[PDB]
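Here the structure comes first, spelled out in structure tokens, and everything after it is commentary.
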Amino acid sequence: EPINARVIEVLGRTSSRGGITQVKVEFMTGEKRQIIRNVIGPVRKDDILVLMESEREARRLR
Amino acid sequence: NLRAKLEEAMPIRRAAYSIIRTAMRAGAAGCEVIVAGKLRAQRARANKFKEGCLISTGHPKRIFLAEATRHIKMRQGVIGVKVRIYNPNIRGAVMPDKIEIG
Amino acid sequence: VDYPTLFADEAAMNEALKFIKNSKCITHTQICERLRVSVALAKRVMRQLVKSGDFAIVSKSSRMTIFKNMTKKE
Amino acid sequence: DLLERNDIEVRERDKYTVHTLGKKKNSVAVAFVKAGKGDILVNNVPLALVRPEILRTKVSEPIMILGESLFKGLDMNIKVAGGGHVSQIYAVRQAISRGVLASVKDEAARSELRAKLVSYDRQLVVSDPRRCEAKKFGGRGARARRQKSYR
Amino acid sequence: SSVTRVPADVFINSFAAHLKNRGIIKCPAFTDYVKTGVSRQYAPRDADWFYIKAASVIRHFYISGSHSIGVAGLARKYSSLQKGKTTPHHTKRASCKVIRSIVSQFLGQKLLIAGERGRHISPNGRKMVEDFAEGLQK
Amino acid sequence: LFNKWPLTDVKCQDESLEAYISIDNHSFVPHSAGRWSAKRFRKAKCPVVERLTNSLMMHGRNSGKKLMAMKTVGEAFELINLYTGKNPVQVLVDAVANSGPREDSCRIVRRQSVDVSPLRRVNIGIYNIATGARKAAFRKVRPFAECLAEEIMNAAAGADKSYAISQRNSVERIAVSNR
Amino acid sequence: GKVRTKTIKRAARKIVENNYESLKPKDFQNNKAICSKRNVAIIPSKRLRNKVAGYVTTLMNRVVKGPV
Amino acid sequence: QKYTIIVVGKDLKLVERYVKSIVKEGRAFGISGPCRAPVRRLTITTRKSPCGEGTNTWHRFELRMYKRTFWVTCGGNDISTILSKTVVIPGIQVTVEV
Amino acid sequence: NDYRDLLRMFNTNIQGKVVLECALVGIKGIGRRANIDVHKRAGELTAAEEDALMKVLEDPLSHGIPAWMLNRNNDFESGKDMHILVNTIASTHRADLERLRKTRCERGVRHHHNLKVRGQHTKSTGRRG
RNA sequence: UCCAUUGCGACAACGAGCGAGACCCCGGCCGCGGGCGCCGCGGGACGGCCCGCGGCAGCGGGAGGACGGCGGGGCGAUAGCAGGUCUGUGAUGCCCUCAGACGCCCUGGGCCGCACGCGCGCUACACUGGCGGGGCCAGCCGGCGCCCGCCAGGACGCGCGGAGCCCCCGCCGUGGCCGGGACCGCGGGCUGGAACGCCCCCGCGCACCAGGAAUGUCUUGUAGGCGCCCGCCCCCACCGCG
Numbered sequence: 003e004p005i006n007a008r009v010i011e012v013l014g015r016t017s018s019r020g021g022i023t024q025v026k027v028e029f030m031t032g033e034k035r036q037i038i039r040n041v042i043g044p045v046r047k048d049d050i051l052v053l054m055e056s057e058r059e060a061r062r063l064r
Numbered sequence: 110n111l112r113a114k115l116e117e118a119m120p121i122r123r124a125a126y127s128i129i130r131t132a133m134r135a136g137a138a139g140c141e142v143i144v145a146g147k148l149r150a151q152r153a154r155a156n157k158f159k160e161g162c163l164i165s166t167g168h169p170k171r172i173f174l175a176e177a178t179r180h181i182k183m184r185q186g187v188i189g190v191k192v193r194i195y196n197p198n199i200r201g202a203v204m205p206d207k208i209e210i211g
Numbered sequence: 015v016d017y018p019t020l021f022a023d024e025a026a027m028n029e030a031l032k033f034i035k036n037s038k039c040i041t042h043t044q045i046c047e048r049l050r051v052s053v054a055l056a057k058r059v060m061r062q063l064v065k066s067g068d069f070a071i072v073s074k075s076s077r078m079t080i081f082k083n084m085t086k087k088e
Numbered sequence: 008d009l010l011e012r013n014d015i016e017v018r019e020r021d022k023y024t025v026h027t028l029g030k031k032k033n034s035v036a037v038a039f040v041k042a043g044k045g046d047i048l049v050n051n052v053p054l055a056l057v058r059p060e061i062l063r064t065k066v067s068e069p070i071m072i073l074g075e076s077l078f079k080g081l082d083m084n085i086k087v088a089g090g091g092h093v094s095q096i097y098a099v100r101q102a103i104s105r106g107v108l109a110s111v112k113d114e115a116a117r118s119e120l121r122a123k124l125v126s127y128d129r130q131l132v133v134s135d136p137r138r139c140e141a142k143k144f145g146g147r148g149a150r151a152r153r154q155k156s157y158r
Numbered sequence: 002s003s004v005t006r007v008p009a010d011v012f013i014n015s016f017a018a019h020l021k022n023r024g025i026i027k028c029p030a031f032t033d034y035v036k037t038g039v040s041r042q043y044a045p046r047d048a049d050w051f052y053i054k055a056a057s058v059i060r061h062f063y064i065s066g067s068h069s070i071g072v073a074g075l076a077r078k079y080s081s082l083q084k085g086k087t088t089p090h091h092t093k094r095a096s097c098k099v100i101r102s103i104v105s106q107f108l109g110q111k112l113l114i115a116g117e118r119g120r121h122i123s124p125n126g127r128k129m130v131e132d133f134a135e136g137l138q139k
Numbered sequence: 007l008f009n010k011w012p013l014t015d016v017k018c019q020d021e022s023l024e025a026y027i028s029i030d031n032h033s034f035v036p037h038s039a040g041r042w043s044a045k046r047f048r049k050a051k052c053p054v055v056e057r058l059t060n061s062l063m064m065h066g067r068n069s070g071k072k073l074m075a076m077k078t079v080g081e082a083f084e085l086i087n088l089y090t091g092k093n094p095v096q097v098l099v100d101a102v103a104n105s106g107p108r109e110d111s112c113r114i120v121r122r123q124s125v126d127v128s129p130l131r132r133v134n135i136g137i138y139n140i141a142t143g144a145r146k147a148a149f150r151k152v153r154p155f156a157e158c159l160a161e162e163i164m165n166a167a168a169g170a171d172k173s174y175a176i177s178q179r180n181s182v183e184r185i186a187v188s189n190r
Numbered sequence: 002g003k004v005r006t007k008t009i010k011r012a013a014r015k016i017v018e019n020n021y022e023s024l025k026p027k028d029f030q031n032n033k034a035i036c037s038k039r040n041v042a043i044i045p046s047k048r049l050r051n052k053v054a055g056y057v058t059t060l061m062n063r064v065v066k067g068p069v
Numbered sequence: 023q024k025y026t027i028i029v030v031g032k033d034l035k036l037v038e039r040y041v042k043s044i045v046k047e048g049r050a051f052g053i054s055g056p057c058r059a060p061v062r063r064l065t066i067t068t069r070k071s072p073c074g075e076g077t078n079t080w081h082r083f084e085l086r087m088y089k090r091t092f093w094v095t096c097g098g099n100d101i102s103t104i105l106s107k108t109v110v111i112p113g114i115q116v117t118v119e120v
Numbered sequence: 008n009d010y011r012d013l014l015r016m017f018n019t020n021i022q023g024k025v026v027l028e029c030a031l032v033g034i035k036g037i038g039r040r049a050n051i052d053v054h055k056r057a058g059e060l061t062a063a064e065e066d067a068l069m070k071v072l073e074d075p076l077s078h079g080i081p082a083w084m085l086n087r088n089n090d091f092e093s094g095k096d097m098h099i100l101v102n103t104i105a106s107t108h109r110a111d112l113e114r115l116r117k118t119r120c121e122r123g124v125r126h127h128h129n130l131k132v133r134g135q136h137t138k139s140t141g142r143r144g
């Protein structure tokens, strides 16, 4: 099911080309868990993302 | 003067060193002499003897330098001499970056 | 390939007009695909259909003539 | 056609009181207002008839922003020379707005017409300079170079 | 002003029809089998082309006001590009003999005057251009 | 737009796309050089109809021809209004909203599925609708305008027939598989 | 994206350590006017002079707002 | 009688003083206001290289020619008096006309 | 609407649907070197108008067509301009090649060796020959 | 930290210098004057201001304003490369020829010869088009008139004078077709002492229906589309520089 999840902070982009940004997403529509979610495309804080498969969390571990 | 001095076969370093002195005495802060060719050898080389600091680029270079090119002739072949003299005190103005702050 | 009409519609022309009138809107090229007329023929018969006033040209352009039947409301 | 004494040479007498300009993309326009019946003409052609027929709305934006009262008394004569078709419609809009501003410039009311027009459309009052760049050797354009054969 | 208020192309098409009925121009024999311009390889299919062109030359002369410019200047106004070449396309002027044969015909009918150099709209002709514009206005 | 179709009640229904969409700041006719290429996200503040009219001017040929494009989306808009009895701009906002694909498998060899930003979905939705028309406006009888409008109506519904919808679903397809 | 060169920084710092009283903390133009005096300092060009003045208005704010 | 005067200077600075001198000598003879002819730009673009080897770098050489408009209503001897009076700076174009 | 199908002029097949100007655009390929309406369409064209055109094409300098607008302009046999189509273009092109073969000429040798005659770069753009 | 040996901070370094930058050329803006000609001289922008963050250098947003944070150029250190040019020259060594000259002129040919491979281009593949009847706006910056001629051009005098694209309206109608114009055959001009050059008119109607491995250049007035000018020119640009 599509879920609504806004950015909490826009972290530095990885992807080896800098293309995919890192964003933290709190399901404003529910329990608000701030899981990190990788994003392709220009993004700024508070841009809602409608997808949230929720079977994946981003990797920002160094 | 250098090209004709070089003809009498004086030392090439001494020639430049004497010319370098008379420009600095006349006031030029920057003096540059480069003689290039088959000097004392069958191979090409360039011998830069320089006394002082010379600007080498930009609009000041156009009005604050005195580059003069002459082509000496020699039995070995042409050994052109190039002399560039830089005067910050050109009396036409000041160096664009020279802040007097006195 | 496509059928060049040769402006051949005679007895068939009246039924061709009947379908065009039934359709809510018509464009010069829409007829040519739906019934294989040249789009040039489509302008020919459409000029007669608008002459009656069956259709109303929303807009005329050198290439696109947009017609919606003013009638068919009844 | 380029910034000559053409600005005032077109009209002798019939003195216009308010002068205004609108210039973008080398297309320069000089607008002269006699404040008569409010009608606007550009290059001898009435503003309601503009050669691009879709771009009559772009030209009639200053007029669309304010009410009929502002243009009820402002008679504008405009003269656009040079540039191009689209640079001429863009120029017209800038000149008409300089003309309304010049009518109410002394009062603080100049601010009202500058805010309303600019908020609806930027460059209605201002003129974006964006001039053309210069071809450099090794290319057919400023940002375009010829295809490199090897490597 | 008057004709200038009228869309020039609308005025040109309507006046060309009037000139034919009014007997102005009376197209020559060569104009039926000729293609205007060194750029255009196809003749006009209008069949009233020498009248539509003749509204363009006299109304453009009205636009001259006092210029007294010639036939080549008008030919440039109706010019377009030559194609059909591997080399890129370049603008080629209109054929002068057609343009010469309408400006001379207009002056011959006294609708134009040869003051100096080329031609400017004659006062007798000036009424004609304004007259038709007034008919278009209503 | 074209002295018609006011955006009085025209609005987005998808929240994320609404943040990057313009349904209010529209100058009369889809023109005006506002330098919406400047800064970063100036696209959001740019009239969607201009964004659509700018997409049409592409693939060489019609390059830079905004006026021809402006009158072409005007011809398509009138076709849209007449076919659906609906303000074209409302159908347009829905068409470019549904078309944008929410899941794309970039490389991140292997590929990984990554969520798509609302701006990218806004730009892909406009782009796909034009290409869906451009491809179906080649050696065919229907004019570019009739395809652009055909594409728009199905895209609002979500019907796969629209090239934009099929590409969106194929994008989200290879994304699900390469999760 | 504007980082000053040593010459601009050095000239500006002599201007502040000497004519601190002439300079004003937030306005570049008053500081530019002090640079324009010429008796205080010789500044060749308009851009060079503006850069020395601009750093000197930041320096003026900074020296009032704590030691520099 | 009014005499046309045209001055052509390659260097703007060298003609700049000449135009200032032109007013300060012919003020009594009512010299015309100094309209400046639009610059005539003589431009030559030449390949920098003696050969054609290397990248095709181009050396652009430009000589800008400046001209000023002057008219003096004075006697035949009086123009000659101003011609001697005006500041003489080398390499300048001097024009006496009717 | 009145329609007629294919017609034949000078042993060519003519499509009735196309406009008369397009219908005649090629006669036997080598044909298009009038009194009828050119927009009527080949099917709409009458037998009588075609007969007038048949006279026009056979004798062009009889109805106001010019000398310049002719296919041939100075001949090599009569010295006079004429309009020839169908087999005659083929017979005169053969005759013109045969005249170029007759005497030795650069025009003769190239037409045989199939090299472009009057053309320039045979080095890089005659490939596939 | 910058973009930058750009800075800041600390230190067996302490002071410099050259390159960077600065300057310069243009532009957009605002005055002061001048007139045959919009062109002479100045100011205007500096990371100043606001807010956060950092010793700091500065960083990222805002504003205010033509213009905002390396324009769009020129000049480009040091040390070099046996890179290229002796065929640009009264630059030149060594060298070669030198009176049947490797001197110079005069004539005719060649560089443009073509089974083929490749590099830079130009025109295509159509209807977001061809057709072509009108409207109409350029900039580096600039001449026309009158007749004769389908044109091409020409005669005759004089100082003059401006695109395409696009815009509207027809038309053709998805057909290698009304796309494309390569080749060919008659002619009509031009330039020169001479075509073997170019231009034009009637023909003629090749591939080509979107291009494989590969690849090439680009981020605002930018790519692309679209015209025009000059250079070298007797003629001639699918070229170069603009």
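Chains as they are written, first to last, in PDB author numbering: chain Sg, 3 to 64; chain SC, 110 to 211; chain Sc, 15 to 88; chain ST, 8 to 158; chain SW, 2 to 139; chain SF, 7 to 114, 120 to 190; chain SU, 2 to 69; chain SX, 23 to 120; chain SV, 8 to 40, 49 to 144. For each residue, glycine too, the CB sits at the ideal point set by N, CA and C.
| Item | Value |
| --- | --- |
| Using the C-alpha atoms, what's the distance from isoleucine 26 of chain SW back to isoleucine 103 of chain SW? | 7 angstroms |
| List the DSSP bridge partners of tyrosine 52 of chain SW. | Paired residue(s): none; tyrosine 52 of chain SW is not in a bridge. |
| Does any residue of chain SX have a CB that is nearer than 8 angstroms to the CB of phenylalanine 144 of chain ST? | yes |
| Three Cβ pairs or more, each shorter than 8 angstroms: is that satisfied between the region 80-93 of chain ST and the region 37-53 of chain ST? | yes |
| So, under 8 angstroms CB-CB, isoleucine 35 of chain SU and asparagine 20 of chain SU are touching, yes? Tell me the CB distance rounded to an integer number of Å. | 6 angstroms |
| Output, in chain order, the set of chain SF residues within a Cβ distance shorter than 7 angstroms of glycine 43 of chain Sg. | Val127, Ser128, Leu130 and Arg131 |
| With DSSP as the reference, label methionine 16 of chain SV as helix, strand or coil. | coil |
| Tell me, please, whether the region 27-43 of chain SU touches the region 39-54 of chain SX by the rule of three or more beta-carbon pairs shorter than 8 angstroms. | no |
| Should the region 91-109 of chain ST be called in touch with the region 131-139 of chain ST, which here means at least 3 C-beta pairs below 8 angstroms? | yes |
| Measuring CB atoms only, is the region 118-134 of chain SV touching the region 91-106 of chain SV, in the sense that at least three cross pairs come out at less than 8 angstroms? | no |
| List the residues of chain SC whose Cβ lies closer than 8 angstroms to the Cβ of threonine 8 of chain SU, in chain order. | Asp206 and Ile208 |
| In chain order, what residues of the same chain lie with their CB nearer than 6 angstroms to the CB of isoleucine 194 of chain SC, ignoring the 5 residues before and after it? | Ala132, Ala137, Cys140 and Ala175 |
| Quick one: any contact between the region 32-40 of chain Sg and the region 151-161 of chain SC, if contact means 3 or more CB pairs under 8 angstroms? | no |
| Mind checking if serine 2 of chain SW is an interface residue toward chain ST, Cβ cutoff 8 angstroms exclusive? | yes |
| What's the gap between the Cα of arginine 48 of chain SF and the Cα of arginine 8 of chain Sg? | 20 angstroms |
| Which partner residues of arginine 120 of chain SW appear in the DSSP bridge assignment? | SW/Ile70 |
| Relative to the alpha-carbon of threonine 6 of chain SU, which residue among SU/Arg63, SU/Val65 and SU/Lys52 has its alpha-carbon at the smallest distance? | SU/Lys52 |
| Using the DSSP secondary-structure output, state which residues sit across from residue 212 of chain SC in a beta bridge. | Given that chain SC is displayed from residue 110 to residue 211, the structure contains no residue 212 of chain SC and the question cannot be resolved. |
| Can you tell me the Cα-Cα spacing of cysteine 73 of chain SX and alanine 82 of chain SV, whole angstroms? | 55 angstroms |
| Taking the alpha-carbon positions, what's the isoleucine 114 of chain SW to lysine 54 of chain SW distance? | 19 angstroms |
| Which residues of chain Sg have a Cβ atom closer than 9 angstroms to the Cβ of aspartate 110 of chain SF, listed in chain order? | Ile42 and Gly43 |
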